[PDB]
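Visitor: run-v9.tsv is reproduced in full below (TSV, C-alpha atoms and all ligand atoms).
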```
chain	number	residue	atom	x	y	z
D	1	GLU	CA	-5.68	117.03	166.84
D	2	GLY	CA	-4.92	114.09	164.58
D	3	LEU	CA	-3.74	110.98	166.37
D	4	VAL	CA	-6.12	108.42	164.87
D	5	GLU	CA	-7.55	108.48	161.39
D	6	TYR	CA	-10.49	106.84	159.69
D	7	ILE	CA	-9.50	104.70	156.70
D	8	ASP	CA	-12.24	103.18	154.57
D	9	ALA	CA	-12.56	99.79	152.85
D	10	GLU	CA	-11.03	101.21	149.69
D	11	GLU	CA	-7.81	102.95	150.62
D	12	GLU	CA	-5.59	100.25	152.09
D	13	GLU	CA	-3.56	99.62	148.91
D	14	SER	CA	-1.71	102.90	149.57
D	15	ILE	CA	-0.95	101.76	153.12
D	16	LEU	CA	1.38	99.30	154.82
D	17	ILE	CA	-0.03	97.93	158.10
D	18	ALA	CA	1.69	96.74	161.30
D	19	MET	CA	0.18	93.87	163.33
D	20	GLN	CA	1.71	94.86	166.61
D	21	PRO	CA	2.84	98.22	168.02
D	22	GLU	CA	6.43	96.86	168.13
D	23	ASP	CA	6.31	94.04	165.55
D	24	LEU	CA	9.30	95.46	163.65
D	25	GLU	CA	9.29	98.95	165.17
D	26	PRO	CA	12.70	98.60	166.84
D	27	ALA	CA	15.18	98.14	164.01
D	28	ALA	CA	9.24	78.21	173.49
D	29	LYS	CA	6.09	80.32	173.21
D	30	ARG	CA	5.13	80.63	169.53
D	31	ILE	CA	6.42	82.06	166.24
D	32	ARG	CA	5.75	85.62	164.97
D	33	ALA	CA	9.68	95.63	156.39
X	1	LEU	CA	-3.46	90.82	151.96
X	2	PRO	CA	-2.68	94.57	152.46
X	3	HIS	CA	-0.39	93.79	155.38
X	4	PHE	CA	2.75	92.66	153.55
X	5	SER	CA	4.97	94.42	151.09
X	6	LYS	CA	4.32	94.10	147.36
X	7	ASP	CA	4.84	91.16	145.01
X	8	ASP	CA	5.83	88.19	147.15
X	9	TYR	CA	5.43	84.42	146.87
X	10	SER	CA	7.03	83.45	150.18
X	11	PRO	CA	5.31	80.83	152.40
X	12	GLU	CA	4.35	83.66	154.72
X	13	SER	CA	3.14	85.78	151.77
X	14	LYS	CA	0.62	83.41	150.22
X	15	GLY	CA	0.23	81.99	153.69
X	16	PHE	CA	1.56	78.55	154.19
X	17	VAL	CA	0.69	77.88	157.81
X	18	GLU	CA	3.83	77.55	159.89
X	19	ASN	CA	2.68	76.87	163.44
X	20	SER	CA	0.80	74.01	165.06
X	21	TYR	CA	-2.40	74.52	166.99
X	22	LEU	CA	-0.84	74.40	170.43
X	23	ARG	CA	1.60	77.30	170.23
X	24	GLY	CA	-1.07	79.50	168.63
X	25	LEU	CA	-1.43	81.26	165.32
X	26	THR	CA	-0.80	84.52	163.67
X	27	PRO	CA	-3.94	86.44	162.58
X	28	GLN	CA	-3.06	85.91	158.91
X	29	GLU	CA	-3.09	82.13	159.40
X	30	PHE	CA	-6.33	82.48	161.36
X	31	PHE	CA	-7.85	84.30	158.39
X	32	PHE	CA	-6.69	81.71	155.84
X	33	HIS	CA	-8.03	78.94	158.05
X	34	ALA	CA	-11.42	80.67	158.08
X	35	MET	CA	-11.22	80.93	154.27
X	36	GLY	CA	-10.76	77.20	153.71
X	37	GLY	CA	-13.42	76.30	156.26
X	38	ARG	CA	-15.98	78.66	154.70
X	39	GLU	CA	-15.29	77.11	151.28
X	40	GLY	CA	-16.04	73.66	152.74
X	41	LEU	CA	-19.30	74.90	154.25
X	42	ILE	CA	-20.63	76.56	151.06
X	43	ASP	CA	-19.83	73.54	148.85
X	44	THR	CA	-21.62	71.22	151.30
X	45	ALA	CA	-24.68	73.48	151.52
X	46	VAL	CA	-25.12	73.55	147.72
X	47	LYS	CA	-24.24	69.91	147.02
X	48	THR	CA	-26.89	68.64	149.47
X	49	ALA	CA	-29.75	70.13	147.42
X	50	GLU	CA	-28.26	68.96	144.13
X	51	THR	CA	-27.70	65.39	145.35
X	52	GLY	CA	-31.24	65.28	146.77
X	53	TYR	CA	-32.70	66.25	143.40
X	54	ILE	CA	-30.68	63.70	141.42
X	55	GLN	CA	-31.41	60.93	143.95
X	56	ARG	CA	-35.15	61.56	143.72
O	1	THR	CA	2.41	102.37	111.02
O	2	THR	CA	1.37	105.65	112.55
O	3	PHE	CA	-1.67	107.58	111.52
O	4	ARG	CA	-0.64	110.83	109.90
O	5	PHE	CA	-3.03	113.76	109.83
O	6	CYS	CA	-3.43	116.50	107.26
O	7	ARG	CA	-1.48	119.51	108.50
O	8	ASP	CA	-4.08	121.85	107.02
O	9	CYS	CA	-6.91	120.04	108.83
O	10	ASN	CA	-6.43	117.49	111.62
O	11	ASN	CA	-8.18	114.57	110.00
O	12	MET	CA	-7.44	110.90	109.44
O	13	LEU	CA	-5.41	110.45	106.26
O	14	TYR	CA	-6.21	107.54	104.00
O	15	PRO	CA	-4.01	105.69	101.50
O	16	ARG	CA	-4.89	105.98	97.85
O	17	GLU	CA	-2.83	104.91	94.87
O	18	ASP	CA	-1.61	106.98	91.93
O	19	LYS	CA	-3.26	105.86	88.71
O	20	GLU	CA	-0.12	106.01	86.56
O	21	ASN	CA	2.92	107.16	88.55
O	22	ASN	CA	2.61	104.09	90.82
O	23	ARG	CA	3.07	105.71	94.22
O	24	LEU	CA	1.01	105.74	97.38
O	25	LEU	CA	-0.35	109.25	97.86
O	26	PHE	CA	-1.97	109.91	101.24
O	27	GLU	CA	-4.73	112.25	100.13
O	28	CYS	CA	-6.92	113.95	102.69
O	29	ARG	CA	-10.59	113.09	102.43
O	30	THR	CA	-11.50	116.43	103.95
O	31	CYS	CA	-9.31	118.81	101.98
O	32	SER	CA	-7.25	118.51	98.82
O	33	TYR	CA	-3.87	118.04	100.56
O	34	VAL	CA	-1.93	115.00	99.37
O	35	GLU	CA	1.35	113.42	100.47
O	36	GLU	CA	3.53	110.60	99.16
O	37	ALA	CA	4.19	107.63	101.44
O	38	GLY	CA	7.63	106.76	102.78
O	39	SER	CA	7.10	102.99	102.76
O	40	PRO	CA	4.76	100.55	100.96
O	41	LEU	CA	3.65	99.34	104.42
O	42	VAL	CA	-0.01	100.20	104.98
O	43	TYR	CA	-1.70	97.73	107.32
O	44	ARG	CA	-0.33	95.40	109.99
O	45	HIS	CA	-2.30	92.95	112.13
O	46	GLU	CA	0.30	91.54	114.63
O	47	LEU	CA	-1.54	88.48	115.90
O	48	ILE	CA	1.18	87.69	118.49
O	49	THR	CA	2.57	90.11	121.09
O	50	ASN	CA	4.52	89.74	124.33
O	51	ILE	CA	4.74	93.35	125.45
O	52	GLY	CA	3.80	95.38	128.52
O	53	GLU	CA	5.82	94.16	131.49
O	54	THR	CA	7.93	97.30	131.89
O	55	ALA	CA	6.24	100.67	131.49
O	56	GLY	CA	4.00	102.77	133.71
O	57	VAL	CA	7.06	104.17	135.44
O	58	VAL	CA	6.77	107.56	137.08
O	59	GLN	CA	9.87	109.53	138.05
O	60	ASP	CA	9.05	109.03	141.77
O	61	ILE	CA	8.07	105.34	141.98
O	62	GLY	CA	10.09	105.11	145.20
O	63	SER	CA	8.10	107.96	146.77
O	64	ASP	CA	5.33	105.44	147.42
O	65	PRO	CA	5.98	103.56	150.69
O	66	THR	CA	4.36	100.25	149.77
O	67	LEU	CA	7.06	98.93	147.43
O	68	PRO	CA	9.59	96.59	149.08
O	69	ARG	CA	13.28	97.38	149.35
O	70	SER	CA	16.36	95.22	148.84
O	71	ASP	CA	20.17	95.50	148.75
O	72	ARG	CA	21.14	94.59	145.18
O	73	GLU	CA	22.86	97.52	143.53
O	74	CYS	CA	22.32	99.44	140.32
O	75	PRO	CA	24.99	98.44	137.78
O	76	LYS	CA	25.68	102.06	136.76
O	77	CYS	CA	25.85	103.97	140.06
O	78	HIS	CA	26.72	101.06	142.45
O	79	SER	CA	24.41	102.44	145.18
O	80	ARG	CA	23.05	99.60	147.28
O	81	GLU	CA	19.53	101.00	147.65
O	82	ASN	CA	16.90	99.97	145.10
O	83	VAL	CA	13.23	99.42	144.44
O	84	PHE	CA	12.22	96.06	142.96
O	85	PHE	CA	8.84	94.91	141.65
O	86	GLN	CA	7.57	92.31	139.20
O	87	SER	CA	6.03	92.60	135.72
O	88	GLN	CA	3.47	95.26	134.89
O	89	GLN	CA	1.82	92.91	132.40
O	90	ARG	CA	-0.51	90.24	133.76
O	91	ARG	CA	-1.25	87.36	131.44
O	92	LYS	CA	-1.66	83.79	132.56
O	93	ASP	CA	1.82	83.12	131.07
O	94	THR	CA	3.84	86.17	132.10
O	95	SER	CA	7.20	85.49	133.70
O	96	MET	CA	8.77	85.82	137.16
O	97	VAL	CA	11.40	88.11	135.78
O	98	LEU	CA	11.87	91.05	138.07
O	99	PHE	CA	12.39	94.72	137.43
O	100	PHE	CA	14.78	96.71	139.60
O	101	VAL	CA	14.53	100.50	139.64
O	102	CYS	CA	16.98	102.69	141.54
O	103	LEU	CA	16.85	106.26	142.78
O	104	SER	CA	20.50	107.31	142.35
O	105	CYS	CA	21.04	106.20	138.75
O	106	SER	CA	17.21	106.36	138.26
O	107	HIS	CA	17.56	103.37	135.97
O	108	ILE	CA	15.65	100.16	135.24
O	109	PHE	CA	17.53	96.85	135.11
O	110	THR	CA	16.64	93.17	135.35
O	111	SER	CA	17.90	89.92	136.86
O	112	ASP	CA	17.89	87.70	133.74
O	113	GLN	CA	21.13	86.06	132.62
O	114	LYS	CA	20.20	83.84	129.66
J	1	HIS	CA	12.58	70.30	75.15
J	2	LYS	CA	11.72	73.36	77.23
J	3	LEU	CA	12.67	71.87	80.60
J	4	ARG	CA	15.79	70.12	79.32
J	5	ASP	CA	17.02	73.41	77.90
J	6	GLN	CA	15.91	75.59	80.83
J	7	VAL	CA	17.56	73.54	83.58
J	8	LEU	CA	20.72	73.26	81.43
J	9	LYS	CA	20.77	77.05	81.12
J	10	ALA	CA	20.16	77.28	84.88
J	11	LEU	CA	23.22	75.14	85.55
J	12	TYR	CA	25.14	77.21	82.98
J	13	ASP	CA	24.28	80.29	85.04
J	14	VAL	CA	24.92	78.81	88.49
J	15	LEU	CA	28.27	77.40	87.41
J	16	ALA	CA	29.53	80.46	85.51
J	17	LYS	CA	28.52	82.76	88.40
J	18	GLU	CA	30.84	80.92	90.80
J	19	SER	CA	34.15	82.24	92.03
J	20	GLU	CA	35.26	78.79	90.87
J	21	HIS	CA	35.44	79.86	87.23
J	22	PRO	CA	34.77	77.44	84.32
J	23	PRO	CA	37.87	77.05	82.13
J	24	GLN	CA	36.74	73.41	81.96
J	25	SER	CA	33.41	74.59	80.56
J	26	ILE	CA	33.05	71.34	78.60
J	27	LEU	CA	33.51	69.44	81.89
J	28	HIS	CA	30.95	71.69	83.55
J	29	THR	CA	28.35	71.24	80.81
J	30	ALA	CA	29.08	67.51	81.04
J	31	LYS	CA	28.31	67.86	84.77
J	32	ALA	CA	25.16	69.81	83.88
J	33	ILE	CA	23.91	67.27	81.34
J	34	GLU	CA	24.69	64.45	83.83
J	35	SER	CA	22.73	66.38	86.48
J	36	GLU	CA	19.75	66.88	84.20
J	37	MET	CA	19.72	63.32	82.84
J	38	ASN	CA	19.71	61.86	86.32
J	39	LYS	CA	17.22	64.56	87.31
J	40	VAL	CA	14.75	63.35	84.69
J	41	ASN	CA	15.26	59.74	85.93
J	42	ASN	CA	12.75	60.46	88.68
J	43	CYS	CA	10.21	62.08	86.36
J	44	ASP	CA	11.31	62.45	82.67
J	45	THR	CA	9.29	65.72	82.70
J	46	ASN	CA	6.16	63.57	83.18
J	47	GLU	CA	5.63	64.01	86.94
J	48	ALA	CA	4.73	67.21	88.79
J	49	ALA	CA	7.41	66.56	91.45
J	50	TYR	CA	10.21	67.37	88.96
J	51	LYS	CA	10.25	71.11	89.70
J	52	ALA	CA	10.29	70.58	93.48
J	53	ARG	CA	13.59	68.66	93.55
J	54	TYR	CA	14.96	71.21	91.07
J	55	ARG	CA	13.95	74.06	93.40
J	56	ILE	CA	15.57	72.26	96.35
J	57	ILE	CA	18.94	71.75	94.65
J	58	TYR	CA	18.81	75.10	92.82
J	59	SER	CA	18.18	77.28	95.84
J	60	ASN	CA	20.58	75.16	97.91
J	61	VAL	CA	23.24	76.21	95.38
J	62	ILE	CA	22.07	79.84	95.36
J	63	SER	CA	21.60	79.83	99.18
J	64	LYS	CA	24.91	81.45	100.39
J	65	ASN	CA	24.94	80.42	103.40
J	66	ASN	CA	26.62	78.41	102.02
J	67	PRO	CA	28.87	79.21	99.04
J	68	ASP	CA	31.07	76.14	99.69
J	69	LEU	CA	28.37	73.90	98.19
J	70	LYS	CA	29.50	75.19	94.77
J	71	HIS	CA	33.09	74.15	95.48
J	72	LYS	CA	32.17	70.69	96.77
J	73	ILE	CA	29.70	70.12	93.91
J	74	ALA	CA	32.34	71.09	91.34
J	75	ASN	CA	35.11	69.07	93.00
J	76	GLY	CA	32.95	66.04	93.79
J	77	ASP	CA	29.65	64.88	95.29
J	78	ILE	CA	28.32	63.50	92.03
J	79	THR	CA	24.95	64.49	90.57
J	80	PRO	CA	23.19	61.05	90.17
J	81	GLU	CA	23.80	60.66	93.89
J	82	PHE	CA	22.01	63.94	94.54
J	83	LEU	CA	18.64	62.96	93.25
J	84	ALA	CA	18.51	59.90	95.51
J	85	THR	CA	19.99	61.78	98.49
J	86	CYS	CA	17.05	64.07	99.39
J	87	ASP	CA	19.51	65.48	101.93
J	88	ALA	CA	18.07	69.01	101.92
J	89	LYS	CA	17.97	69.15	105.72
J	90	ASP	CA	21.41	67.49	105.85
J	91	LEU	CA	23.28	70.05	103.75
J	92	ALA	CA	23.97	73.79	103.54
J	93	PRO	CA	24.92	74.32	106.41
J	94	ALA	CA	25.77	72.37	109.59
J	95	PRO	CA	25.09	75.26	112.08
J	96	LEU	CA	21.54	75.34	110.73
J	97	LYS	CA	21.60	71.56	111.05
J	98	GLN	CA	22.48	71.63	114.80
J	99	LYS	CA	19.87	74.36	115.17
J	100	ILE	CA	17.25	71.94	113.69
J	101	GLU	CA	18.18	69.11	116.08
J	102	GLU	CA	17.97	71.49	119.06
J	103	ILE	CA	14.53	72.55	117.77
J	104	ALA	CA	13.44	68.90	117.39
J	105	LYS	CA	14.66	68.05	120.90
J	106	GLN	CA	12.76	71.05	122.30
J	107	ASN	CA	9.54	70.09	120.49
J	108	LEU	CA	9.79	66.42	121.54
J	109	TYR	CA	10.20	67.51	125.14
J	110	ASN	CA	7.39	70.07	125.04
J	111	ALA	CA	4.88	67.70	123.52
J	112	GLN	CA	5.14	65.55	126.68
J	113	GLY	CA	2.41	66.26	129.23
J	114	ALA	CA	1.45	66.07	132.91
J	115	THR	CA	3.29	63.58	135.13
J	116	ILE	CA	2.17	64.18	138.76
J	117	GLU	CA	4.38	61.88	140.72
J	118	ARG	CA	2.38	60.51	143.74
J	119	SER	CA	4.79	60.43	146.72
J	120	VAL	CA	4.76	57.02	148.44
J	121	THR	CA	5.50	55.53	151.86
J	122	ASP	CA	5.40	52.12	153.55
J	123	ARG	CA	2.77	52.95	156.20
J	124	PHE	CA	-0.18	50.97	154.80
J	125	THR	CA	-0.46	47.76	152.77
J	126	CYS	CA	-2.01	47.11	149.36
J	127	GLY	CA	-5.03	44.92	148.70
J	128	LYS	CA	-4.08	43.40	145.34
J	129	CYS	CA	-0.36	42.82	145.72
J	130	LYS	CA	-0.24	43.58	149.51
J	131	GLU	CA	2.84	45.80	149.22
J	132	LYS	CA	3.81	48.85	151.24
J	133	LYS	CA	4.33	51.20	148.32
J	134	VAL	CA	1.21	53.21	149.08
J	135	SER	CA	0.68	56.18	146.78
J	136	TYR	CA	-1.16	58.00	149.54
J	137	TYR	CA	-2.83	61.38	149.15
J	138	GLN	CA	-4.92	63.36	151.62
J	139	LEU	CA	-7.98	65.60	151.19
J	140	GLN	CA	-11.39	66.29	152.80
J	141	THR	CA	-14.74	65.33	151.27
J	142	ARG	CA	-17.63	64.94	153.70
J	143	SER	CA	-19.46	67.36	155.99
J	144	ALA	CA	-18.14	69.18	159.07
J	145	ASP	CA	-18.76	66.23	161.45
J	146	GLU	CA	-15.48	64.44	160.60
J	147	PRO	CA	-11.85	64.97	159.58
J	148	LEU	CA	-10.30	63.89	156.25
J	149	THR	CA	-10.93	60.63	154.41
J	150	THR	CA	-7.53	58.89	154.50
J	151	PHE	CA	-7.51	58.26	150.76
J	152	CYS	CA	-5.29	55.39	149.67
J	153	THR	CA	-3.81	53.96	146.45
J	154	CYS	CA	-1.04	51.43	145.81
J	155	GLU	CA	1.61	52.51	143.32
J	156	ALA	CA	3.26	49.08	143.00
J	157	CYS	CA	0.30	47.73	141.02
J	158	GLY	CA	-2.39	50.41	140.84
J	159	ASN	CA	-4.75	49.34	143.61
J	160	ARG	CA	-6.86	52.13	145.05
J	161	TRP	CA	-8.59	51.63	148.41
J	162	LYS	CA	-9.62	53.61	151.49
J	163	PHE	CA	-9.02	53.33	155.23
J	164	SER	CA	-11.96	53.73	157.62
D	201	ZN	ZN	-6.88	118.01	104.81
D	202	ZN	ZN	23.27	102.86	138.88
D	203	ZN	ZN	-0.47	47.08	145.19
```
Could you show the structure in this file as structure tokens?

Guide:
Amino acid sequence: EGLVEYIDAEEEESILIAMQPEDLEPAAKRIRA
Amino acid sequence: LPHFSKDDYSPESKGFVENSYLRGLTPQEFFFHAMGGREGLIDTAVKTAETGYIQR
Amino acid sequence: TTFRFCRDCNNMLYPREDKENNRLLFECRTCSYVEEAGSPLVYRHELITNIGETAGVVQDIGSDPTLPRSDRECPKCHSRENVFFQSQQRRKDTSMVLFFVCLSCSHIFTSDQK
Amino acid sequence: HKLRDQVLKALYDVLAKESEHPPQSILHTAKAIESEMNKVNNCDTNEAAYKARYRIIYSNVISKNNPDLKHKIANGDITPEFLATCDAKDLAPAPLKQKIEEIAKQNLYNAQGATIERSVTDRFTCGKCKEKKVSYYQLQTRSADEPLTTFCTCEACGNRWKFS
């Protein structure tokens, strides 16, 4: 039903990637478009 | 790396390492650290054979 | 500098000189069609170029998600949205001039002020 | 007498063609014969460099930029001076002059090379002069069993050393 998707070693240059599920998704320990 | 937006020369972009060891890293800095280490290992493992030949 | 073709037969025209009337007459080597030349320019080597930073633009560059976005405006439509990206030429001496393309005015403009 | 008639006819042409007309045509041919008789004083039509100085002065007159060279050469700036001048860069005109000095400044800068500047501190001490002006620099050389080298160099005199 399409919730995950295989992406090969070749495609990624059409794709922006997020590190975390909320890294910028809403619009001392450590330091973190 | 494919994880930033296009055409940047920021210290994050090329990957100047911000943090110390103690607070941790980001995975990008982890990857660049592995890059520099692996370069050190390959240059050592070739230069040992070449220096052995020239010494003999 | 362009390469004209014989309209009767789509073949590469060559320059050849009139023997007495002193004019360049592009005669076809396939058929007998001939044509006088507009300029005495024939050949051009151009050993130095600096060109190629700009083109490759499609009408929907901004449809791709991977390009970054900024807030400098287009100086024709004044809309604050934009798409910016660097040179499309890659030599070892190409510049850090930037190219800014908008969606509203659909126009290309730069950030140089010399 | 081919050269001493040809250059005289050349100065006849480049003085009659002026907006400064010749009603003193006898004065202007006196100027022309003075120009040619100092012009020969370098060569006397016996040296190959005669035509070069003639080409310099001739096309400086016919340059336009500038036309004011005709006015200043007819109202002064005497012709035996203008063999010994060799002021071809200096005259006709001054905007092209200031262009040339900007070009020369740019070339003199760009022919200079690499000048990596070697940031210093007072943490260590030299061996030769024993000064704390250490041009330090840091890098790794050996195998995995150690950290960096602690490379050292003094910038006050030039003394390179190393710390253990
Ligand atoms: Zn034809
Ligand atoms: Zn606009
Ligand atoms: Zn010293």

Visitor: Show me, as a ChimeraX atom specification, the residues of chain D whose atoms get within 6 Å of chain X, using all atoms listed in the file for the distance check.

Guide: /D:16-17,30

Visitor: Using all atoms listed in the file, find the residues of chain O whose closest atom to chain D is at most 10 Å away, then write them as a list in words.

Guide: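 Therefore, the residues near the partner are residues 64, 65, 66, 67, 68 and 69 of chain O.
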
Visitor: Around ligand ZN 202 (chain D), out to 7 Å and counting only C-alpha atoms and all ligand atoms, which residues are there? I want them as a PyMOL selection string.

Guide: chain O and resi 74-79+102+104-105+107

Visitor: I need the residues from that last selection saved to file as an mmCIF file, in the coordinates of the input (with C-alpha atoms), if you can.

Guide:
```cif
data_model
loop_
_atom_site.group_PDB
_atom_site.id
_atom_site.type_symbol
_atom_site.label_atom_id
_atom_site.label_comp_id
_atom_site.auth_asym_id
_atom_site.auth_seq_id
_atom_site.Cartn_x
_atom_site.Cartn_y
_atom_site.Cartn_z
ATOM 1 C CA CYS O 74 22.320 99.440 140.320
ATOM 2 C CA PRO O 75 24.990 98.440 137.780
ATOM 3 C CA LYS O 76 25.680 102.060 136.760
ATOM 4 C CA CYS O 77 25.850 103.970 140.060
ATOM 5 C CA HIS O 78 26.720 101.060 142.450
ATOM 6 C CA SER O 79 24.410 102.440 145.180
ATOM 7 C CA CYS O 102 16.980 102.690 141.540
ATOM 8 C CA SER O 104 20.500 107.310 142.350
ATOM 9 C CA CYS O 105 21.040 106.200 138.750
ATOM 10 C CA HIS O 107 17.560 103.370 135.970
#
```

Visitor: What is the atom CA of residue J:10-atom CA of residue J:54 distance in Å, reported with one decimal?

Guide: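 Straight-line distance from atom CA of residue J:10 to atom CA of residue J:54 works out to 10.1 Å.
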
Visitor: Name the residues, by chain letter and number, that sit within 10 Å of ligand ZN 201 (chain D) using only C-alpha atoms and all ligand atoms, and give them as a PyMOL selection string.

Guide: chain O and resi 5-13+27-34

Visitor: May I ask which of the residues O:49, O:22, O:59, O:87 is the closest one to chain X, counting all atoms listed in the file?

Guide: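 With all atoms listed in the file as the atom set, the closest residue is O:87.
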
Visitor: To check your reading of the model: which residues sit at most 7 Å from ligand ZN 203 (chain D) when counting only C-alpha atoms and all ligand atoms? Write the answer as a PyMOL selection string.

Guide: chain J and resi 126-131+154-159

Visitor: Residues within 7 Å of stretch 33-40 of chain J, please, as a PyMOL selection string. Count all atoms listed in the file; anything in the same chain fewer than 5 positions from it doesn't count.

Guide: chain J and resi 8+45+79-80+83
